[PDB]
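First come two forms of one protein chain, each written alone as structure tokens, so that there is a structure 1 and a structure 2.
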Structure 1
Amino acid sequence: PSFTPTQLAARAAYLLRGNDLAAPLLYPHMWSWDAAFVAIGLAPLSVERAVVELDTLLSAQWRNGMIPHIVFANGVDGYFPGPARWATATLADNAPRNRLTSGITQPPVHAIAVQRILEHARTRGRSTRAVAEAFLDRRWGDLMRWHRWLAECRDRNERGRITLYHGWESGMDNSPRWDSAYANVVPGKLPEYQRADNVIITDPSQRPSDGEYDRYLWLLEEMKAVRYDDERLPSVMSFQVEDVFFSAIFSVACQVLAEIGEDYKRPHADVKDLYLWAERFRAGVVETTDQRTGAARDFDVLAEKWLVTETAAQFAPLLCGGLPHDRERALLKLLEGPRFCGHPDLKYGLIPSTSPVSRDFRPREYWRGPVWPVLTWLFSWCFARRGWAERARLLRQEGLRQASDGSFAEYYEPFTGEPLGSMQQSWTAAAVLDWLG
């Protein structure tokens, strides 16, 4: 029990303020994903600072609503791919006037962070209440424009699933999920840049698991060749796969944002649209599932085949609901049984990223096996929102038990508990702070 709940919350917040304190090289840029989770970690201790994190992200939102996956603080510190590689400032009609951003997106966890800010703000008085109210007044339209872009421009055919054009957009790129989609990307001659002819991809979780690095950059070249135009990307992109996990998060996020719109008297037509997308994508997720187990499947749009992999993404339906009782029960059995949380070799009953009995299991490599506390955080938060109060409590209790040595790595070896790596911000610290406070 190396840290008590107060000591652990103190250590988590210290490891979110980032000052003084192997660790990773920290860059000044801002990540869509990290921003949402820092906001969730911040809301317990500072609503103002949580609001500033989202305000800063959202001021880099594209004019069509897309939130890009990175916002660069500059173009000289050698981050790759950087502003020079993406070139959205000159190429994309919708890149913002005064911000440098990438040209891909990231899962819509943002409405979850907004809900955390508003919930914590309501218990804190008048001044802080008005800070959260002011944020909502200033950013509701932008959150709506983000959800509307995903629904209209990444579900052009109203199938209720979000289409990804890069594994990087999933949040879960070093994963078995995409291996077969990526295997059909065959790159040509990459153009000549001023960067080296072999520049290392800076974020190591974004490196391809087999150094097939041209594949990843070739997708960028296809995006740039149509200037990131959402109307033209389906004609030229070599990677087009409907991500069923992203889709379920989107459904949850639409339901959360609708409930926010009703609690805070937002325009009724927006609430209706939000409710409608939430049910559209709930059905889209369910449409992918196995008839026996309920497991969700990603869909390779180009290959026209259900991708079949044994990762945590299978459990997408448990986040957003929609399964019939029998198949939801089936799927919970899978989640809690020996292929996942009940695998007898696991040190803790957190969710492994890939099933230890899968052929693709790699106990040390990112989402191919290792345990990520932020994944268990997300399930526990979604379970509580679905009414699975005691399932949510047991996950939270298990996440805290694992986190209480105060290591705060972002992923751990699923059998030995060894901490395996840290991200730019500590998603695990944010998960622990939300769990405790």
Structure 2
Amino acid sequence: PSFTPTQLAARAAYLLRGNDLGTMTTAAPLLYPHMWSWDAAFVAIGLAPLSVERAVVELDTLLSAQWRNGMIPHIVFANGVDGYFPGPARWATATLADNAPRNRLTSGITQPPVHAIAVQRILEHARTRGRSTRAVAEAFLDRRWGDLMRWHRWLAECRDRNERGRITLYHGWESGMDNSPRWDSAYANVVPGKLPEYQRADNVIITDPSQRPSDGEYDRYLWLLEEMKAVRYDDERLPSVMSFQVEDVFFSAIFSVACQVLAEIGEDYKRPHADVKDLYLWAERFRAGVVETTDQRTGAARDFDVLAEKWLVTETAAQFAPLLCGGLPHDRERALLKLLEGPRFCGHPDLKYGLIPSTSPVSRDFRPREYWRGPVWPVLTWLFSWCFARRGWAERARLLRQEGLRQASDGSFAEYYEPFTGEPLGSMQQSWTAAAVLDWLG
């Protein structure tokens, strides 16, 4: 049944090279047959124990698609691949967005900046390998430190215009949790006008409807595209016209952590002092911004609906944003860690593994099979585990790792798993799942 550690690490590496199109790795074989932004950070993490040179290539490809205003788009499309919707033709960024790259097709929205974490792992691997391998990673810093700064500066200046230290989203897809209950009350206020016809491609691949978002949800995902296109993806116009404007507390906590990670890399590798100062200021700002959202009793973080001007209260894994980035008073972080481990999340009596369900099994929003409405996601298990280790919670990080691997031992490298039975769901051969396994072992 279950593969040994060497078998599993081999089958994961075999998977990662098999999803490699040449200079970009698709996020899955068929369902996501393109380069996605946060997956590509994870693919670089997974590739770094295999080939520092090729992990660097993965980040160099994504950054070559960076928008002129600094935004890393959430998709970089593979030349001449179909199979996915909405494709280049639906976004029309090449024709409508003055900031879109001249020589890459890309989407029009962003995604969380996990990228600095991938740079850290590459550097830590490279330092354990040759002098020539350190030279490759250090040359990659020399080449892309500016691009990474523009990425972080664009988030902080253009998606936190009021310096609240939370990132604004104009599309639920930018959160990475497309159908999370976090966004349900925001989406209920999105009223599509004349929606141009389309046919989904995702549920041609994953045909079980219980596992993917609904048609109605997709009608709202694509309407938001029309609103964006109408204004040519102009940052200065989105606030006026978008029917979806939310402050994503999970994305912001990730941003806080990334700025700190990048700042320490800037210190270690003698990057400009003004950059490190900006990174540290953003780190602290978005840490404070996460904490301001948090429940008084449990420390759980809240999303904010900018249009409705109300806190979003749901019971998902994003409530734990503050654990990633710190800043909660000591007492309230204990409360939060107890919520994490208690029967609403990791301690629910029915879970096969001691892992974080995307939505709490006790919430009325919970759906054991439905994407971000409850399944266990290895990508989140890794991110939480790496961030916990970084907080100095060595044992808590080890247990996540240990259950992560045990769940991963079937070798399906599933996109997500059913919380109660462990059945693999979503795409098989999902690249960032294989990256998580490879980072934990490699």
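Sequence positions of structure 1, starting at 1, serve as the residue numbers. Rigid core: the largest C-alpha set superposing within 1.5 Å between the two forms.
Per-residue Cα shift between the two structures after core alignment stays below 2 Å for all of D210, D326, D137, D345 except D210.
Core-superposed comparison between the two structures: the C-alpha position of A13 differs by less than 2 Å. A displacement of less than 2 angstroms separates the C-alpha positions of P356 between the two structures, with the rigid core held in common. In this overlay on the rigid core, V186 has a C-alpha that sits less than 2 Å away from its partner position between the two structures.
Note on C254: its Cα is shifted 0.4 Å between the two structures, core used for superposition. The two forms, fitted on their core, place the C-alpha of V76 6.3 Å apart, compared between the two structures.
Aligning the rigid core between the two structures leaves the CA of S407 offset by 2.3 Å.
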